[PDB]
file start-v6.pdb (PDB, C-alpha atoms)
MODEL        1
ATOM      1  CA  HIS A   1      -5.469  13.989 -12.791  1.00  0.00           C
ATOM      2  CA  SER A   2      -5.277  17.520 -11.389  1.00  0.00           C
ATOM      3  CA  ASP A   3      -7.086  16.751  -8.133  1.00  0.00           C
ATOM      4  CA  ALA A   4      -7.941  13.591  -6.198  1.00  0.00           C
ATOM      5  CA  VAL A   5      -4.680  12.117  -7.483  1.00  0.00           C
ATOM      6  CA  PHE A   6      -4.176  10.495  -4.080  1.00  0.00           C
ATOM      7  CA  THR A   7      -6.627   7.871  -5.336  1.00  0.00           C
ATOM      8  CA  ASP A   8      -3.813   6.293  -7.348  1.00  0.00           C
ATOM      9  CA  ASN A   9      -1.392   6.268  -4.414  1.00  0.00           C
ATOM     10  CA  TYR A  10      -4.083   5.041  -2.022  1.00  0.00           C
ATOM     11  CA  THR A  11      -5.348   2.326  -4.365  1.00  0.00           C
ATOM     12  CA  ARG A  12      -1.829   1.178  -5.234  1.00  0.00           C
ATOM     13  CA  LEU A  13      -0.527   1.611  -1.685  1.00  0.00           C
ATOM     14  CA  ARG A  14      -3.400  -0.536  -0.420  1.00  0.00           C
ATOM     15  CA  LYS A  15      -1.798  -3.469  -2.237  1.00  0.00           C
ATOM     16  CA  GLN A  16       1.496  -2.974  -0.398  1.00  0.00           C
ATOM     17  CA  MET A  17      -0.323  -3.319   2.926  1.00  0.00           C
ATOM     18  CA  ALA A  18      -0.961  -6.947   1.977  1.00  0.00           C
ATOM     19  CA  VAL A  19       2.727  -7.783   1.575  1.00  0.00           C
ATOM     20  CA  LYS A  20       3.901  -5.565   4.433  1.00  0.00           C
ATOM     21  CA  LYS A  21       1.478  -7.490   6.644  1.00  0.00           C
ATOM     22  CA  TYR A  22       3.041 -10.892   5.972  1.00  0.00           C
ATOM     23  CA  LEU A  23       6.581  -9.636   5.373  1.00  0.00           C
ATOM     24  CA  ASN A  24       6.288  -7.806   8.695  1.00  0.00           C
ATOM     25  CA  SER A  25       5.491 -11.056  10.503  1.00  0.00           C
ATOM     26  CA  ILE A  26       8.326 -12.941   8.809  1.00  0.00           C
ATOM     27  CA  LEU A  27      10.714 -10.220   7.646  1.00  0.00           C
ATOM     28  CA  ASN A  28      10.070  -8.247  10.833  1.00  0.00           C
ATOM     29  CA  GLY A  29       8.699 -11.118  12.896  1.00  0.00           C
TER      30      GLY A  29
ENDMDL
END
call {"tool": "encode", "arguments": {"input": "start-v6.pdb", "output": "structure tokens"}}
result
Amino acid sequence: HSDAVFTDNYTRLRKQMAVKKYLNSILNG
């Protein structure tokens, strides 16, 4: 995991986008 480690953050972060999307409409509506 020396290089291209961003893959983990990008792949995992992509999941957050799902919640942030809805939470943003309700939590930040």
call {"tool": "atom_distance", "arguments": {"input": "start-v6.pdb", "atom1": "atom CA of residue 8 of chain A", "atom2": "atom CA of residue 26 of chain A"}}
result
27.9 Å
call {"tool": "atom_distance", "arguments": {"input": "start-v6.pdb", "atom1": "atom CA of residue 29 of chain A", "atom2": "atom CA of residue 10 of chain A"}}
result
25.4 Å
call {"tool": "atom_distance", "arguments": {"input": "start-v6.pdb", "atom1": "atom CA of residue 17 of chain A", "atom2": "atom CA of residue 2 of chain A"}}
result
25.8 Å
call {"tool": "axis_aligned_box", "arguments": {"input": "start-v6.pdb", "around": "segment 9-27 of chain A", "padding_each_side": "5 Å", "output": "AutoDock Vina command-line options"}}
result
--center_x 2.7 --center_y -3.3 --center_z 2.6 --size_x 26.1 --size_y 29.2 --size_z 25.7
